[PDB]
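**Q** Pasting work_8.cif here (mmCIF, C-alpha atoms (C1' of nucleotides)):
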```
data_model
#
loop_
_atom_site.label_atom_id
_atom_site.label_comp_id
_atom_site.auth_asym_id
_atom_site.auth_seq_id
_atom_site.Cartn_x
_atom_site.Cartn_y
_atom_site.Cartn_z
CA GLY C 1 53.87 -301.18 216.61
CA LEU C 2 51.91 -300.17 219.71
CA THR C 3 48.42 -301.61 220.06
CA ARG C 4 45.60 -299.17 220.72
CA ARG C 5 45.35 -300.25 224.36
CA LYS C 6 49.10 -299.84 224.84
CA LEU C 7 49.01 -296.37 223.27
CA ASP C 8 46.09 -295.31 225.48
CA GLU C 9 48.05 -296.62 228.47
CA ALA C 10 51.04 -294.55 227.36
CA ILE C 11 48.98 -291.39 226.94
CA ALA C 12 47.21 -292.05 230.26
CA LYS C 13 50.64 -292.18 231.88
CA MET C 14 51.86 -289.06 230.02
CA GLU C 15 49.06 -286.59 229.32
CA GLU C 16 48.15 -285.74 232.93
CA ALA C 17 51.55 -284.01 233.13
CA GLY C 18 52.07 -280.52 231.76
CA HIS C 19 52.33 -281.79 228.19
CA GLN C 20 49.47 -281.16 225.76
CA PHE C 21 49.06 -283.23 222.60
CA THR C 22 48.88 -280.41 220.07
CA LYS C 23 45.92 -280.70 217.70
CA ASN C 24 45.95 -279.69 214.05
CA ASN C 25 43.36 -277.48 212.29
CA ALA C 26 40.96 -280.15 213.60
CA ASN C 27 40.75 -281.82 216.99
CA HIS C 28 42.73 -284.81 215.63
CA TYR C 29 45.75 -285.36 217.86
CA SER C 30 48.68 -284.09 215.76
CA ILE C 31 51.45 -285.70 217.78
CA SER C 32 54.69 -284.06 216.71
CA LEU C 33 57.64 -286.29 215.89
CA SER C 34 59.41 -285.22 219.09
CA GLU C 35 56.10 -285.68 220.89
CA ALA C 36 56.00 -289.28 219.65
CA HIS C 37 59.61 -289.81 220.73
CA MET C 38 58.87 -288.57 224.25
CA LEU C 39 55.61 -290.55 224.43
CA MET C 40 57.28 -293.85 223.63
CA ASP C 41 60.43 -292.94 225.58
CA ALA C 42 58.49 -292.91 228.83
CA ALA C 43 55.71 -295.26 227.65
CA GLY C 44 57.65 -298.27 228.95
CA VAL C 45 58.86 -299.79 225.66
CA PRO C 46 62.57 -300.65 226.03
CA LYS C 47 64.87 -299.32 223.33
CA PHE C 48 66.83 -301.61 221.03
CA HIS C 49 69.84 -301.07 223.33
CA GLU C 50 68.31 -300.60 226.79
CA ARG C 51 66.26 -303.81 226.47
"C1'" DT T 1 11.26 -287.40 248.92
"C1'" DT T 2 14.99 -284.50 246.18
"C1'" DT T 3 19.48 -283.26 244.08
"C1'" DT T 4 24.35 -283.82 241.97
"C1'" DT T 5 27.95 -286.09 239.25
"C1'" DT T 6 29.74 -289.71 236.30
"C1'" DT T 7 29.56 -293.66 232.91
"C1'" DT T 8 27.17 -295.25 229.27
"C1'" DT T 9 24.04 -294.69 224.52
"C1'" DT T 10 24.37 -291.60 219.95
"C1'" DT T 11 25.54 -287.85 216.90
"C1'" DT T 12 28.82 -284.68 213.97
"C1'" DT T 13 33.07 -283.43 211.59
"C1'" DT T 14 37.87 -284.16 209.56
"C1'" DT T 15 42.10 -286.56 207.55
"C1'" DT T 16 44.34 -290.18 205.42
"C1'" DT T 17 44.28 -293.82 202.37
"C1'" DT T 18 42.83 -295.69 198.50
"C1'" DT T 19 38.86 -295.43 193.24
"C1'" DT T 20 38.26 -293.70 188.72
"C1'" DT T 21 38.83 -291.00 184.58
"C1'" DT T 22 41.24 -287.94 181.15
"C1'" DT T 23 45.16 -285.85 178.79
"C1'" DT T 24 49.91 -285.56 177.42
"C1'" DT T 25 53.81 -287.75 176.01
"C1'" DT T 26 56.27 -291.67 174.01
"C1'" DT T 27 56.74 -295.94 171.08
"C1'" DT T 28 55.85 -299.25 166.90
"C1'" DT T 29 54.43 -298.57 162.47
"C1'" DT T 30 53.55 -298.64 156.05
"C1'" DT T 31 52.64 -295.26 152.51
"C1'" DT T 32 54.79 -291.85 149.63
"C1'" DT T 33 58.60 -289.64 148.02
"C1'" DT T 34 63.48 -289.46 147.07
"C1'" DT T 35 68.25 -291.43 145.83
"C1'" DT T 36 71.73 -294.61 143.34
"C1'" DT T 37 73.29 -298.40 140.09
"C1'" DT T 38 72.28 -299.71 135.44
"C1'" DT T 39 71.07 -302.56 130.38
"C1'" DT T 40 69.41 -300.46 126.05
"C1'" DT T 41 69.83 -297.09 122.58
"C1'" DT T 42 72.50 -293.60 119.44
"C1'" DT T 43 76.71 -291.57 117.13
"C1'" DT T 44 81.35 -291.64 114.63
"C1'" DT T 45 85.60 -293.69 112.45
"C1'" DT T 46 88.44 -297.07 110.21
"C1'" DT T 47 89.03 -300.57 107.05
"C1'" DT T 48 87.65 -303.23 103.04
"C1'" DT T 49 85.25 -304.06 98.53
#
```
For the file at hand, write its structure as structure tokens.

**A**
Amino acid sequence: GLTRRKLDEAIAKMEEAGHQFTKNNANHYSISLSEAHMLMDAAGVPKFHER
DNA sequence: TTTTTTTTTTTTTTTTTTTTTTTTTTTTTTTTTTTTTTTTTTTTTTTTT
């Protein structure tokens, strides 16, 4: 449920760190499930409890 | 008057989602064949003339 602009904001906040968004056989960003968790953990979306 | 770097055009390739067609398997289906109960036909004996 993250709009494209929100997801680009999240990856602009995240990617400059040491993390690399692992790509599959192609360049397509193959964000692992844990990668997605971390991304939206620090993306700024409050959890169902922390909100 | 010249050079360097970055933000825009466009171009190329891949994955996921959603397009169609065919075959195999499953369901409803009358014809033919098979099974059972039966009304008509055949045989013998006893009694009477």

**Q** Using only C-alpha atoms (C1' of nucleotides), determine which residues of chain C fall within 10 Å of chain T; present them as an MDAnalysis selection string.

**A** chainID C and resid 25:28

**Q** Tell me which residues the PyMOL selection byres ((chain C and resi 38) around 12) grabs here, as a ChimeraX atom specification.

**A** /C:10-11,13-15,19,21,31-37,39-45

**Q** Provide an axis-aligned box for all listed atoms of segment 18-33 of chain T, padding each side by 8 Å; report its centre and its edge lengths in Å to one decimal, as JSON.

**A**
```
{"center_x": 48.4, "center_y": -292.4, "center_z": 173.3, "size_x": 36.3, "size_y": 29.7, "size_z": 66.5}
```

**Q** Grab the atom CA of residue 24 of chain C to atom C1' of residue 16 of chain T distance for me, in Å with one decimal place.

**A**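 Between atom CA of residue 24 of chain C and atom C1' of residue 16 of chain T the gap is 13.7 Å.
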
**Q** Kindly give the distance, in Å, that separates atom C1' of residue 10 of chain T and atom CA of residue 16 of chain C, rounded to a single decimal.

**A**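 Taking atom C1' of residue 10 of chain T as the start and atom CA of residue 16 of chain C as the end point, the length is 27.7 Å.
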